Amino acid sequence: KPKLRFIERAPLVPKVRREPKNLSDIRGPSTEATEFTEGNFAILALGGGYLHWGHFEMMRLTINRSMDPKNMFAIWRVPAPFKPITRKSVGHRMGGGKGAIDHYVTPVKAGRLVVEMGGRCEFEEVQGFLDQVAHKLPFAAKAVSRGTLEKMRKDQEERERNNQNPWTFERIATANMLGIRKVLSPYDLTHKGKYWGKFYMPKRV
Amino acid sequence: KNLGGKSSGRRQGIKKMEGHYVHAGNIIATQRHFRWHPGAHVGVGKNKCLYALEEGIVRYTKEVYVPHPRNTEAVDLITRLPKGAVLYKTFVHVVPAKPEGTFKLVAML
Amino acid sequence: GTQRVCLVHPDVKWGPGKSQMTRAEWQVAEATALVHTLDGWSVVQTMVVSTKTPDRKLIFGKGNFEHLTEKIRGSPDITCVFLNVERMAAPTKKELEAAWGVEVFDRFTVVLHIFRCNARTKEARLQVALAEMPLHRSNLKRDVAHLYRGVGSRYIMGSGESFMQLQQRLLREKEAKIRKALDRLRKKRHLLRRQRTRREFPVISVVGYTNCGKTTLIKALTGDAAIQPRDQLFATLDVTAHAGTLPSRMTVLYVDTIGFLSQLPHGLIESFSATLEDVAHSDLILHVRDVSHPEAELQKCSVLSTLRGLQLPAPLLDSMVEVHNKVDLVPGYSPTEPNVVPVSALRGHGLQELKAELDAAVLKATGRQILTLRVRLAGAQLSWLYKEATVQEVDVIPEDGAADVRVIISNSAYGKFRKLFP
Amino acid sequence: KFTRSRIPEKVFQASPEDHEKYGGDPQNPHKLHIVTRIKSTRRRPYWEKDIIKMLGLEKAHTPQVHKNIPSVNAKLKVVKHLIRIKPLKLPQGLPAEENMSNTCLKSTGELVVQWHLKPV
RNA sequence: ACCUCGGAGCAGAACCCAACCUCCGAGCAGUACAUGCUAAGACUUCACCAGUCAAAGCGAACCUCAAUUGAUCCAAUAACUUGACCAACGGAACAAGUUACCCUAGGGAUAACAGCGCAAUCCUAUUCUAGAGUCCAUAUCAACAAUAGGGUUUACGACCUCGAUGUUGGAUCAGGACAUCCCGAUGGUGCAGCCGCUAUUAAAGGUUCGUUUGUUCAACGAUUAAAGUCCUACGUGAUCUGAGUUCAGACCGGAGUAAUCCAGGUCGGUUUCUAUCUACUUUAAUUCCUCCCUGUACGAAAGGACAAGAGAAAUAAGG
RNA sequence: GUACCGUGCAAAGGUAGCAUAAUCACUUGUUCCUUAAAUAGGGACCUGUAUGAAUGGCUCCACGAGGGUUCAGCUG
RNA sequence: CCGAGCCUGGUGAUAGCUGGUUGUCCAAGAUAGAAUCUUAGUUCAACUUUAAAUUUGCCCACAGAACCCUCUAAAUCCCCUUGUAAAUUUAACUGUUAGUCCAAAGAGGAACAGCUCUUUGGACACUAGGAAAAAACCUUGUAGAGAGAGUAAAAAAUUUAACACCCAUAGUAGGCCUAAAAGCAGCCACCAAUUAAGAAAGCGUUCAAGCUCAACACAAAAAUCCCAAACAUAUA
Ligand SMILES: Nc1nc2c(ncn2[C@@H]2O[C@H](COP(=O)(O)OP(=O)(O)OP(=O)(O)O)[C@@H](O)[C@H]2O)c(=O)[nH]1
Ligand SMILES: Nc1nc2c(ncn2[C@@H]2O[C@H](COP(=O)(O)OP(=O)(O)OP(=O)(O)O)[C@@H](O)[C@H]2O)c(=O)[nH]1
Ligand SMILES: [Mg+2]
Ligand SMILES: [Mg+2]
Ligand SMILES: [Mg+2]
Ligand SMILES: [Mg+2]
Ligand SMILES: [Mg+2]
Ligand SMILES: [Mg+2]
Ligand SMILES: [Mg+2]
Ligand SMILES: [Mg+2]
Ligand SMILES: [Mg+2]
Ligand SMILES: [Mg+2]
Ligand SMILES: [Mg+2]
Ligand SMILES: [Mg+2]
Ligand SMILES: [Mg+2]
Ligand SMILES: [Mg+2]
Ligand SMILES: [Mg+2]
Ligand SMILES: [Mg+2]
Ligand SMILES: [Mg+2]
Ligand SMILES: [Mg+2]
Ligand SMILES: [Mg+2]
Ligand SMILES: [Mg+2]
Ligand SMILES: [Mg+2]
Ligand SMILES: [Mg+2]
Ligand SMILES: [Mg+2]
Ligand SMILES: [Mg+2]
């Protein structure tokens with residue numbers, strides 16, 4: 001079963017309790033599915049966002065059509081949509097209670113792998129349609145190999161080491177210099193200024 | 001569809017932290033469940049509130065938990081605990097300050 | 001959305017509505033197939049109920065209506081009710097909904113919903129929007145009740161039009177926009193047809209009742225693989241042309257079409273005229289008949305009425321070549337009417353005979369002449385004939401350095417040939 | 001929520017490079033700080049306002065002498081973004097009762113005990 | 001729909017925290033009759049009321065439960081004690097509809113118009129290269145999606161205006177944008193020619209008259225080169241009209257016992273203002289058609305052009 | 001069950017008549033006449049489950065500053 | 001001027017509603033909630049003011065404050081020193097209890113709103129300077145005169161797409177399939193000759209033929225009319 005598996009619109013056992021839109025699940029760096037497993041290539045999410053069944057279908061169809069089943073295999077690195085998003089009836093005034101469950105999404109944080117590919121192939125053979133899918137994804141995304149991912153991580157480390165700026169967001173925020181914690185967020189003490197909402201600034205050091 | 005849930009906060013919790021001088025009868029902490037267990041010179045009310053039985057200094061410690069043999073649920077928990085495991089709970093003690101009393105010369109018969 | 005449905009079939013037993021070609025069991029089976037096609041929910045319960053008078057605010061006589069009310073309200077599994085009727089008026093819908101405490105759907109609404117669900121192309125989406133406009137206009141009352149908010153006749157300012165009346169105005173403009181968009185779509189489809197019309201590709205429009213195997217037959221004839229027939233109803237929801245060769249080595253475009261159902265508002269199917277006009281601009285029409293289906297005659301009537309309403313040219317209506325599909329399901333089937341071809345698309349049984357018959361029909365209908373023509377070799381005339389006509393047999397006369405070619409050639413190509421190579 | 005900021009301890013652990021840069025030996029640390037409020041307490045939390053008032057730094061650009069002891073240092077850490085801290089230097093040592101009236105705090109941070117207002 | 005009480009999230013860690021926010025529950029039950037009497041010290045639902053825990057002592061033996069409830073007065077009782085889904089649950093001892101016949105005090109603290117925020121909705125443009133287009137992503141489109149832009153709709157918000165910002169259509173006059181309907185220039189075409197389709201540029205000029213309907217629109221009739229999409233307080237009522245809507249009258253269907261009412265229909269129904277201020281009040285033309293080109297180029301035919309030339313008009317401006 | 005043949009219930013099951021009505025909406029109902037063109041007007045309909053008989057129903061003589069439509073003429 | 005006349009009187013009716021509420025000067029002064037036929041109000045609390053009594057008030061070192069829950073934050077509570085000078089209590093009161101934006105953690109909405117609702121903090125409802133004009137962003141506040149002085153915050157930067165040249169014989173029209181499908185309609189195989197060439201990655205042929213390729217070799221647009229003028233180079 002090398003081809004990418006079908007993803008259901010909603011969990012077979014639908015959720016009954018409406019739950020809040022905890023955007024923290026999109027905010028910040030991803031702590032899961034950050035490393036390769038049984039594969040050499042992937043789509044890395046350089047930003048946070050919610051994946052719908054439409055995005056899942058786009059990924060599945062594009063990758064299945066463009067891959068070579070006898071030499072390539074793909075695997076989801078993100079769970080099927082589980083977080084329920086509720087929408088009220090069109091033109092409804094505010095109030096009256098939380099809306100009914102409309103769709104299901106799956107959160108994705110910056111730095112996560114969405115799909116992972118492997119098999120008897122090199123990067124150039126796959127990067128094309130992986131970049132197509134990444135560009136059509138709801139967040140910034142990039143087709144990345146193991147080598148390229150390691151290269152970008154090492155480049156980030158090198159920039160952090162050799163930056164000539166005496167002042168770093170990390171230092172200033174941690175020391176509360178200028179009292180900038182009045183303007184910053186508690187999440188910023190760990191994001192180090194590289195994250196802003198759902199957006200991940202990679203050039204940011 | 002969602003009714004109720006308007007109850008206010010019980011204002012429960014610790015009323016006397018460690019190092020606080022506490023007179024006899026003072027309520028040290030009010031709790032819904034057994035968060036802090038009664039230590040030395042600390043009594044429990046019907047509602048699990050801890051009150052000082054003596055006049056002294058409140059001290060919070062971590063002590064091994066040995067439930068009463070007739071406390072069936074706790075005894076079952078222990079019976080299922082692996083060998084070498086020891087339960088610990090937070091206990092509140094009142095280290096009495098004054099002595100029970102003094103012997104005073106009342107009459108030189 | 002995951003809506004267990006109770007099927008209610010009003011069986012008319014006297015007067016108008018007493019169908020003489022179909023039975024309540026067959027109609028119930030068709031409605032069950034419709035809901036299964038709609039997918040995601042099933043008929044939790046089925047109820048066929050007599051109705052001497054089918055036209056009422058409550059389709060059923062008070063007694064049967066109360067009986068159904070008791071059953072529906074006592075059955076908790078039921079989430080919706082599907083009333084097997086063409087169209088139900090807003091009063092009937094409102095009264096039944098209030099009585100039964102559920103949502104009521106008629107065949108019109110069910111077909112509309114399946115279209116909206118399984119419509120992919122923007123053309124299909126626009127056409128189904130047009131088809132929905134009737135359902136909208138019917139349902140504004142319920143739809144915009146909550147927006148109305150029980151305010152009327154007391155506000156003295158603004159556009160004098162009431163809430164309901166200005167909603168009618170907005171829906172009028174919405175329908176006007178939809179119709180303008182479909183006119184633009186019709187123009188674009190004419191642009192698309194231009195090239196094939198100029199090249200004079202014979203075109204055969206495959207029509208018939210829904211789930212007759214139109215798509216399967218087109219797949220069998222063309223030999224394609226991307227063509228995917230479905231068990232569901234209303235699978236083919238777009239009009240597309242597929243090239244296939246005939247025994248005479250002639251290429252023909254089979255045009256797949258939307259399926260037809262009986263007991264539906266005409267406007268529903270007629271809203272797809274923007275893309276079904278390819279049938280009007282066809283050269284032959286091939287009518288597929290699921291003879292195995294018990295309701296074959298009723299389906300015949302429905303499809304013929306639908307075509308007449310679509311206003312295809314009468315010459316095209318005539319000469320409709322009839323193929324009886326699904327013959328394998330009916331073992332030992334003997335066609336009765338002449339000029340009818342029994343075929344089995346899945347098993348590919350009578351496909352050769354069908355191909356020959358429709359080849360003859362194309363020759364008759366496209367003004368194409370099969371004739372023997374003598375040409376000179378090395379003069380490019382042979383290559384020209386290959387490219388601009390379908391050559392069938394080349395008998396070379398080496399002594400004269402020439403060749404007699406048996407070619408099926410249209411009059412336009414014949415004139416071009418006679419002028420280019422006198 | 002915006003809350004009081006806990007400065008990690010490592011921030012206040014000087015390095016040899018810092019010692020070279022700022023001219024202060026870790027051994028034999030300075031006894032007294034000269035602290036001047038160079039920033040307004042407006043738009044700052046009430047706790048910082050109160051700490052400034054406690055330190056007596058209500059007037060800006062007005063040097064105040066404070067002990068270089070852990071508690072005063074904790075307060076100064078709380079309000080460090082509003083003040084300039086320098087080490088009080090005593091080139092002629094502590095002023096004596098005789099010269100108590102001739103002292104002056106030069107901008108360099110030195111409390112000279114003779115102020116003649118004459119050319120050198 | 002809800003109104004009182006409790007538990008869990010929101011509210012991760014002392015306490016406390018809203019929501020017509022998300023979920024669960026309560027209006028008891030059971031056992032006991034010392035669930036007897038007293039009394040330090042404390043807690044406290046952010047007040048009070050109420051509600052909690054409790055050492056010691058007397059007298060004895062040797063309560064479970066989160067909520068599980070309700071004050072005062074007043075009634076019953078010899079007394080002890082008892083009494084409300086007073087659930088609008090800090091509780092008027094006992095009182096419903098309807099008003100367009102309406103009135104007063106206010107409110108832009110609060111709706112309808114308009115403006116405004118936003119852009120869900122709506123519209124437009126690119127990217128993606130699946131799918132239509134016989135073959136062919138890109139002549140013309142285009143699914144899943146992605147990225148942008150616009151502020152025409154329906155909304156949503158309630159920020160100015162309720163010691164008045166007069167309201168839909170129409171007349172009059174039009175100012176503006178271009179995302180161009182026609183006229184001009186140009187690229188592509190599934191551009192043979194004629195019609196066309198598409199895109200770039202172009203806002204100087206133009207963009208019809210009628211039958212119903214109050215209609216903006218739409219349908220239809222006849223035309224046109226075309227009968228463009230919009231903004232302008234859905235431009236313009238101190239310039240006009242009031243047919244619709246939207247007072248007071250009345251009928252039909254329906255609701256109600258009735259008053260009276262209707263997202264219903266229908267007949268009628270008062271359009272004020274003498275201008276103080278600002279502003280303003282005399283600033284090389286387009287298009288169609290006729291003949292000819294020409295029945296020519298083109299085309300198998302059908303049909304059928306440009307350009308050049310000649311002549312005619314129509315509108316618009318000025319006389 | 002196949003309008004008529006039985007049947008349940010009711011106080012009786014809306015009868016005659018008229019009918020897209022000044023009669024909820026569907027509504028610009030479907031048709032024919034009328035107009036070049038009609039959401040208007042008039043004539044009809046298995047047309048009202050919200051018509052209907054002194055809460056009066058149908059018919060038509062005259063009448064009407066009532067409300068529609070209209071021939072011909074007339075005219076800024 | 002009749003949904004019920006007019007006049008007089010009760011009558012200075014009542015109004016939680018609107019409006020108004022008149023000398024000078026100084027000072028303190030914006031602050032949680034509860035109940036309420038209550039949310040346009042009021043009483044209590046909180047805050048605020050005044051006077052008085054007394055002694056601790058704020059900041060805060062360790063130590064200390066739960067499992068459920070596997071991990072799980074900014075912090076908080078408590079708190080000697082220390083820096084400070086306020087705090088509690090007593091007496092008497094009013095007024096505010098219709099609130100805005102900003103940063104942050106959230107909830108509702110649509111991860112819209114100058115939207116709504118809580119929490120921590122700030123500012124504004126007060127002065128001044130800046131961000132153009134500017135309640136809420138930044139600087140800064142305790143007040144007067146000065147024809148002195150040092151400073152605070154404080155002025156946006158960006159310009160982006162060229163890409164080879166030469167050459168191609170051939171086991172053979174590899175088999176099967178088909179009328180034909182010969183690299184190229186489809187399936188299997190995909191070896192192999194030449195120094196070097198896929199039993200062919202694209203056009204093309206009905207099929208062939210022919211053309212190449214891989215190989216040898218050398219961003220944007222809206223409606224009255226754009227919107228300071230301009231300026232790349234004289235030492236921070
Ligand atoms: N032709 C044919 N179809 C059969 C036969 N038996 C079963 N079928 C089914 O008939 C169905 C026909 O599907 P399509 O050919 O897509 O139907 P269609 O006639 O194009 O109609 P739409 O589904 O509306 O597009 C398929 O599910 C077949 O499996 C048979 O003997 N012949
Ligand atoms: N505590 C209490 N007082 C009551 C109760 N019922 C009536 N009352 C008293 O009586 C008042 C109510 O009067 P009603 O409503 O006439 O009482 P009723 O019993 O229904 O009728 P009557 O006996 O005719 O007065 C209350 O406000 C009390 O004063 C009750 O259940 N509990
Ligand atoms: Mg709670
Ligand atoms: Mg089909
Ligand atoms: Mg209290
Ligand atoms: Mg109450
Ligand atoms: Mg009236
Ligand atoms: Mg009034
Ligand atoms: Mg508005
Ligand atoms: Mg307002
Ligand atoms: Mg508000
Ligand atoms: Mg005024
Ligand atoms: Mg343009
Ligand atoms: Mg508008
Ligand atoms: Mg009127
Ligand atoms: Mg009536
Ligand atoms: Mg009227
Ligand atoms: Mg009149
Ligand atoms: Mg006037
Ligand atoms: Mg005038
Ligand atoms: Mg007329
Ligand atoms: Mg009078
Ligand atoms: Mg008064
Ligand atoms: Mg003051
Ligand atoms: Mg000053
Ligand atoms: Mg080459």
Side-chain angles (χ1 to χ4, degrees), chain A residues 17-21 23 26 54-55 57-58 61-62 65 87-88 90-91 93-98 132 135-138 182-183 185-186 189 198, chain B residues 2-4 7-11 13-15 17-20 23-27 30 35-36 43 45-47 49 51 53 60 90, chain C residues 14-15 56-57 89-91 120-122 148 152-153 155-165 170 172-173 176 187-188 191-192 194-196 198-199 201 238 240-241 243 251 253 386 391 412 414-416 418-419, chain D residues 1-4 6 40 42-45 50-51 54-56 66 69 71-72 74-75:
Chain A
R17 180 169 173 180
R18 281 87 59 83
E19 74 190 11
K21 60 179 77 66
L23 302 165
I26 293 302
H55 296 133
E57 282 296 276
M58 175 262 299
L61 299 174
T62 45
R65 184 210 322 115
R87 305 199 79 260
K88 273 180 173 168
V90 296
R93 283 188 178 161
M94 303 300 111
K98 195 164 171 59
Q132 298 169 11
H135 291 316
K136 284 208 292 181
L137 277 177
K182 185 144 181 288
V183 183
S185 160
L189 264 59
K198 80 191 208 65
Chain B
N2 287 326
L3 313 175
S7 45
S8 180
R10 301 176 294 268
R11 271 85 173 165
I14 276 161
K15 312 301 182 191
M17 297 273 181
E18 176 168 358
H20 281 243
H23 301 278
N26 280 5
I27 292 188
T30 45
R35 174 165 181 181
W36 318 279
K46 292 163 187 177
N47 63 349
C49 73
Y51 61 97
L53 281 159
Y60 295 79
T90 304
Chain C
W14 189 88
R56 297 185 176 184
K57 195 171 64 179
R120 309 307 296 163
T121 62
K122 192 177 183 179
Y148 180 75
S153 199
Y155 285 151
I156 302 299
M157 186 52 143
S159 182
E161 297 296 329
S162 67
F163 182 82
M164 184 63 73
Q165 193 55 235
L170 289 158
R172 275 196 296 279
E173 286 178 357
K187 299 172 194 300
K188 284 179 184 173
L191 270 298
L192 296 177
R194 182 183 180 278
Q195 172 69 359
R196 90 189 70 167
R198 289 298 195 90
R199 278 206 183 178
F201 269 93
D238 276 283
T240 58
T251 306
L253 271 64
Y386 273 96
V391 306
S412 309
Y414 195 40
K416 296 177 186 180
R418 286 168 58 173
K419 187 149 176 183
Chain D
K1 310 192 215 308
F2 176 54
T3 61
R4 299 174 183 181
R6 276 173 40 93
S40 180
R42 300 295 301 160
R43 300 172 188 281
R44 299 301 309 170
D50 300 345
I51 295 281
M54 291 161 193
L55 295 164
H66 274 291
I69 59 177
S71 52
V72 175
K75 282 186 188 51

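To find a chain, count down the sequence lines: A is the first, B the second, and so on, and within it residues start at 1.
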Furanose pucker, E/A75, classified by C1'-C2'-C3'-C4' =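 It is north, as the sign of the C1'-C2'-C3'-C4' dihedral turns out positive.
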
Return yes if the base of [N] and the side-chain atoms of [X] contain a donor-acceptor N/O pair under 3.5 Å, otherwise no.
X	N	answer
C/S412	E/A300	yes
C/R199	E/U134	yes
B/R11	E/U44	no
D/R43	G/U139	yes
B/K46	E/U52	no
C/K122	E/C141	no
C/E161	E/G214	yes

Touch class at under 4.0 angstrom, heavy-atom based, for C/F201 against every strand present |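 Base, at least one base heavy atom under 4.0 Å.
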
Assign B/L3 to base, sugar-phosphate, or nothing according to its heavy-atom contacts below 4.0 angstrom with the strands shown.
->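 Touches a base.
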
So, is A/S185 near the phosphate of G/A74, with a side-chain N or O under 4.0 Å from OP1 or OP2?
->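 A/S185 to G/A74 OP1/OP2: no side-chain N or O under 4.0 Å.
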
Please determine if a side-chain N or O atom of C/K188 lies less than 4.0 Å away from the OP1 or OP2 oxygen of E/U140.
->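 The answer is no; no side-chain N or O of C/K188 sits under 4.0 Å from OP1 or OP2.
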
Choose from G/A113, E/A192, G/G141 the nucleotide whose nearest atom is closest to any side-chain atom of D/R42.
->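 The answer is G/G141.
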
Of the listed nucleotides E/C156, F/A50, E/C141, the one nearest the side chain of C/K57 |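 The answer is F/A50.
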
Which residue lies toward the 5' end of RNA chain E, C/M164 or C/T251, if each is placed at its nearest nucleotide?
->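 Whichever sits nearer the 5' end wins; that is C/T251.
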
Does the side-chain ring of C/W14 lie flat on the base of F/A3, meaning centres under 5.5 Å and planes less than 30 degrees apart?
->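 A stacking contact exists, since C/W14 sits close and nearly parallel to the base ring of F/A3.
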
Going by ring centres under 5.5 Å and near-parallel planes (under 30°), is D/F2 stacked on G/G122?
->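 One would not call D/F2 stacked on the G/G122 base.
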
Using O4'-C1'-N9-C4 for purines and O4'-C1'-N1-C2 for pyrimidines, with syn meaning within 90° of 0, is [N] syn or anti?
N	result
E/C46	syn
E/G265	anti
E/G242	syn
G/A232	syn
E/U172	anti

Determine the Euclidean distance between corresponding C1' atoms of G/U82 and G/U49; express it in Å to zero decimal places.
->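 Result for the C1' pair: 34 Å, nearest Å.
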
